[PDB]
Amino acid sequence: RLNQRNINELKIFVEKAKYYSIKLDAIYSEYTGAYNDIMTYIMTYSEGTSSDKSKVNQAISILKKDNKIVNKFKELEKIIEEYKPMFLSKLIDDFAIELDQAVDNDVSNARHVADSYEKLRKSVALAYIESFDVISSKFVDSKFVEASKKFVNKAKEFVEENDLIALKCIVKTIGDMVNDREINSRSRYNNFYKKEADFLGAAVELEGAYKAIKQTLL
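Residues numbered from 1 in each chain as written, not as in the entry; some residues may be left out. Heavy atoms only, no water.

**Quick word on the overall build of the protein chain**
Piece 1. Looking only at helices and strands, the protein chain features nine helices and zero strands.
Piece 2. Going from N to C terminus, the protein chain has its helices and strands arranged as α-α-α-α-α-α-α-α-α.
Piece 3. Taken over the C-alpha atoms alone, the protein chain extends approximately 70 × 35 × 20 Å along its principal axes.
Piece 4. For the protein chain, with 218 residues in total, the buried portion stands at 46%.
Piece 5. Summed over its atoms, the accessible surface of the protein chain is roughly 11300 Å², and 51% of this surface lies on carbon and sulfur atoms. (Helix = DSSP H or I, 4+ residues; strand = E, 2+ residues; numbered from the N terminus. Buried < 20%, exposed > 50% of the residue type's maximum accessible area, 1.4 Å probe, protein only. Areas by Shrake-Rupley, 256 points an atom, 1.4 Å probe, with all protein chains shown as cover.)

**A short note on unusual backbone geometry**
Piece 1. Despite not being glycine, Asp66 has its phi angle at roughly 65°, a positive value.
Piece 2. Checked against the element boundaries, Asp66 lands in the loop between α3 (54-64) and α4 (68-79).
Piece 3. Classification of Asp66 as exposed rests on a relative accessible area of 58%.

**Quick notes on the packing of aromatic side chains**
Piece 1. Tallied over the entire structure, the rule returns 14 aromatic pairs.
Piece 2. Seen in terms of ring centroids, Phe73 and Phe95 are 6.1 Å apart; in terms of plane orientation they differ by 85°. Their pairing is edge-to-face. Taken together, the positions of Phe73 in helix α4 and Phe95 in helix α5 (residues 86-101) put the pair 22 residues apart, joining distant regions of the chain. Take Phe73 and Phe95: they sit in the same class, and that class is buried.
Piece 3. Between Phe151 and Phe199, the aromatic rings sit 5.0 Å apart at their centres with planes inclined by 50°, giving tilted as the arrangement. Here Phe151, found in helix α7 (residues 142-161), pairs with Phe199, found in helix α9 (residues 196-216); they are 48 residues apart in sequence, far enough to count as distant. Of the two residues, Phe151 and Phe199, neither departs from the other in class, the shared state being buried. (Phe/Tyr/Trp six-rings, centres within 6.5 Å; stacked < 30°, edge-to-face > 60°.)

**Observations regarding α5**
Piece 1. Taking 1.5 Å of rise per residue, the 16 residues of α5 would be expected to cover 22 Å, and the 23 Å separating its terminal C-alpha atoms lies within 8% of that figure.
Piece 2. Residues of α5 that are buried include every one of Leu88, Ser89, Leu91, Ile92, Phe95, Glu98 and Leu99, and no others.
Piece 3. Structurally, α5 contributes buried residues whose contacts are with α3, α4 and α6 (107-137). (Expected span 1.5 Å × (residues − 1). Contact = heavy atoms within 4.5 Å.)

**Details of the side chain of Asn3**
Piece 1. If you trace the backbone, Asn3 turns up in the segment before α1 (4-16).
Piece 2. For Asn3, the side chain forms a polar contact with the side chain of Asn6, separated by 3.0 Å.
Piece 3. In this structure, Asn3 is in contact with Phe139, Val140, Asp141, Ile213 and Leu217, ignoring residues within four places of it in sequence. (Polar contact = N/O pair within 3.5 Å; in protein donor to acceptor, adjacent residues only side chain to side chain.)

**Section: the nonpolar core**
Piece 1. Core analysis: the biggest nonpolar cluster contains 74 residues, and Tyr20, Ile69, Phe73, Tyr128 and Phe144 have the highest contact counts within it.
Piece 2. The biggest single contributor to this core is α6, with 14 residues.
Piece 3. Those residues within four positions of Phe73 in sequence are excluded, and the remaining contacts are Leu24, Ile27, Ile92, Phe95, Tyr117, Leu120, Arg121 and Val124. (Core = buried A, V, L, I, M, F, W, Y, C linked by side-chain atoms within 4.5 Å.)

**Quick notes on the pattern of salt bridges**
Piece 1. Under the definition given, this model contains 21 salt bridges.
Piece 2. Its salt-bridge partner being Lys55, residue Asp37 comes within 3.9 Å of it at the nearest N-O pair. Here the residue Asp37 occupies a position in helix α2 (residues 20-46), and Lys55 occupies one in helix α3, the gap between them amounting to 18 residues.
Piece 3. Taking the relative accessible area as the measure of exposure, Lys55 reaches 34% and is therefore partly exposed.
Piece 4. A salt bridge links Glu77 to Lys84; its shortest N-O distance comes to 3.4 Å.
Piece 5. On the accessibility criterion, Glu77 (8% relative accessible area) is buried. (Salt bridge = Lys/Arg side-chain N within 4 Å of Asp/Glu carboxyl O.)

**A look at the packing of α2 against helix α8 (residues 163-178)**
Piece 1. With their axes 9 Å apart at the nearest point, α2 and α8 run at an angle of 160° to one another. Comparing the axis directions of α2 and α8 gives the class roughly antiparallel. Handedness of the crossing formed by α2 with α8: left-handed. Contacts between α2 and α8 pair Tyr20, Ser21, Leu24, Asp25 and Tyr28 from the former with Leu164, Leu167, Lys168 and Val171 from the latter.
Piece 2. A breakdown of the residues in the contact of α2 with α8 according to their chemical character gives six nonpolar, one polar and two charged. (Axes fitted to C-alpha atoms, helices over the stretch in contact; angles between N-to-C directions. Parallel < 35°, antiparallel > 145°, perpendicular 65-115°, else oblique. Left-handed = near helix turned anticlockwise from the far one by under 90°. Nonpolar A, V, L, I, M, F, W, Y, C, P; charged D, E, K, R; others polar.)

Structure follows, in structure tokens:
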């Protein structure tokens, strides 16, 4: 009856986007060294600890190279094509432009490129939550829809603390629920991340609300 097609949509979204977090971690793992070389050069140059712009021109050049980072980001946008917020698309295009216009020895664009990269990485994690928000919204069940808004809001507070760590937990947690496996309410990071607990709280409320729906479709 009611809610089956809502459940199919969510199941199809979570499965399509199963690798969304690991593919974001791939961008981090590959480009973190480029980012730090920029951040470190700036702070070191900032205190008149001399100039080695080579490390920035190298950093910028490895970001630019073969459009790999832009296309890795465009892949993530397409994984959530049907639900992608406009806040993602603009930032990807703006970051492409920003990179395209980065010139050698121009250190201020560098800081800006670094800044846009960390913001874009965050937006990507926020874009998974957004998509979850759009799908969950469509459900005809007060409890699930109310559980979903708290889930979404605690997922966002978690992402503000650590985008990459939060995104990993969000994908897993919604992965587990949708695959009918018990949500684990234990902090996976032993409360090192202070927002994880509130998120898993919202998740086990969501979990009870999802289960009741599944009971209606038996």
